[PDB]
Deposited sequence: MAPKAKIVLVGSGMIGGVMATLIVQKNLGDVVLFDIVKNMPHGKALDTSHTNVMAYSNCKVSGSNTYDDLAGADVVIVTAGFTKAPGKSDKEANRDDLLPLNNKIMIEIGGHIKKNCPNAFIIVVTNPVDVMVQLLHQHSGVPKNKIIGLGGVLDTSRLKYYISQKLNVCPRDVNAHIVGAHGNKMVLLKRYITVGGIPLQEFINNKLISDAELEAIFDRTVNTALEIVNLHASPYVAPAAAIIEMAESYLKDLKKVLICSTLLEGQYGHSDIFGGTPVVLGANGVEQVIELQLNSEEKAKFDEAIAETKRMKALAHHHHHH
């Protein structure tokens, strides 16, 4: 079986462990710096193997060397711009341990701001560029897809959409790349099934969804976890899904030496393909704004 190490056993970590057992995806280590909490979560979660018909070990850890043997490492560890150097130090520490203990693992970074943190961990861990990605577009687009599906009264997964550049407030929502059952969304607009003004409000809701959830006295963690597991599952099972993730750009969109959100194909070799959308000049200008903000924050991270 695969060994999946969750570096960070907080809110997202707990849901990931739950879903991994539900899906029987592999053995799980809940790693954290907080003493014994991961052992407690692991114990609770382990019992769900019975209900789920699964056979995944779930263990807790406070010991970095339990990274040894990991096939997948998912980094949610962390805790304004003031946090950037603190979370950088966490990425440095984790990277040194990945390099030593599991240099061949597939790495998914979640810690915000993710497009910065994923590149910092790439640098500190030394893993190949096809073996480390960041969460962003699967989550952001799940929101956009879902909101459109409820307006159009269709199955949520039948809406497809692209959000690129970065996770966070500069995300680029590409109206031209929305489809419903594979059909351009513009046909539905033309038929007055959804209006341009409705879509503008949905776009703004998508950008502000994390804030909306926080203002309702909750935290966004279940959908982030589910998005991460969709990514990890595509790797583990060699599904070769097209999923939008933060990945190293090497000239796509006119950008290099930086990570940003774009469709990729995830399978057994990691990032098997980086797909470059054929953006028009106006869309590219928005992409550039997203990259500029990643670069601004990266400079502050040290």
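Gaps between the deposited sequence and the modelled coordinates occur at 1-3, 83-94, 318-322, listed in sequence order.
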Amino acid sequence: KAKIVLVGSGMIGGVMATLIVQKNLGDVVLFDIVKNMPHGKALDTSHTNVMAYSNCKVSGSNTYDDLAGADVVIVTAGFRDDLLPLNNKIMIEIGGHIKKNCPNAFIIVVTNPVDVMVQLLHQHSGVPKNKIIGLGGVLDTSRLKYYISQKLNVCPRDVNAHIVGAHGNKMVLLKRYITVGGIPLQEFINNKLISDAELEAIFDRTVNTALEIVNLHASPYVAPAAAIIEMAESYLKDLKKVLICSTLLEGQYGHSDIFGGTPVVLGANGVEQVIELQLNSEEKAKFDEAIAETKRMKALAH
From here on, numbers count along this sequence of modelled residues.
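Stretches compared: 150-158, 80-88. Higher mean C-alpha B-factor in the entry: 80-88. On average the C-alpha atoms of 121-129 have higher B-factors than those of the other stretch, with 104-112 and 121-129 being the two compared. Taking the PDB entry at face value, the top CA B factor among 223, 231, 174, 207 belongs to 207.
For the set 166, 194, 139, 180, the PDB entry puts the maximum C-alpha B factor at 194. In the PDB entry, a CA B factor belonging to the highest third of its chain's modelled residues is recorded for residue 36. Sort the modelled residues of the chain by CA B factor and residue 275 lands in the middle third.
Sort the modelled residues of the chain by CA B factor and residue 73 lands in the lowest third. Annotation for residue 268: CA B-factor lies in the highest third of the chain's modelled residues. Annotation for residue 291: C-alpha temperature factor in the middle third relative to the rest of the modelled chain, per the entry.
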